[PDB]
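Starting off, we have a lone chain in the form deposited in one PDB entry, written out as structure tokens.
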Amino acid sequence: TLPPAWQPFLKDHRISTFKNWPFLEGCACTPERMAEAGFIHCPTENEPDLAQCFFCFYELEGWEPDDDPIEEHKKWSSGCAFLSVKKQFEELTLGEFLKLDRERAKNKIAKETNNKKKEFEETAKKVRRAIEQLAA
């Protein structure tokens, strides 16, 4: 039945993530071609526009009707391995797949360590200002 943690690899799943998504028929970035680029619908309130790649975890917003999801992706985060995947999911070898899933887990790690870093940087700046202000 396929495990839930590994669904994002399934296009139909990615497509399904798009609920109340604008840009349909007549538009270049349809949920079909969004999922084709590896994108998921992760809409907030402050940006119901938000889509994120399931593999690299890059995030894009402000989508234009004429935007080509693949082209948008290649330019911003080219390093994403998924882009290089030309085979149908069901035509992937178990090894190939486990190799990919491995790299995904990796990318997810990198993402969160980056956020932990920015968070820490900010807190550091605040604390630094506070003590500085106390001088005087």
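The numbering used is simple: start at 1 and walk along the sequence shown. Only residues modelled in both forms are compared. Here the rigid core means the biggest group of C-alpha atoms that line up within 1.5 Å when the two forms are laid on top of each other.
Not on display, but discussed next: the form deposited with a partner chain bound.
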(message) Please tell me whether any heavy atom belonging to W63 falls inside 4.5 Å of a heavy atom of its partner chain, as the geometry stands in the bound PDB entry.
(response) yes
(request) Report yes if any heavy atom of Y58 sits within 4.5 Å of a heavy atom of its partner chain in the bound PDB entry; otherwise report no. (result) yes
(request) Answer with yes or no whether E72 is in contact with its partner chain in the bound PDB entry, where contact means some heavy atom within 4.5 Å. (result) yes
(request) Please check if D67 has a heavy atom lying within 4.5 Å of any heavy atom of its partner chain in the bound PDB entry. (result) yes
(message) Core superposed first: is there a CA shift of 2 Å or greater at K126 between this form and the one not shown?
(response) yes
(request) Report the moving segments between this form and the one not shown: consecutive residues, 3 or more per run, each with a CA shift of 2 Å or more after superposition on the core, given in sequence order. (result) 121-135
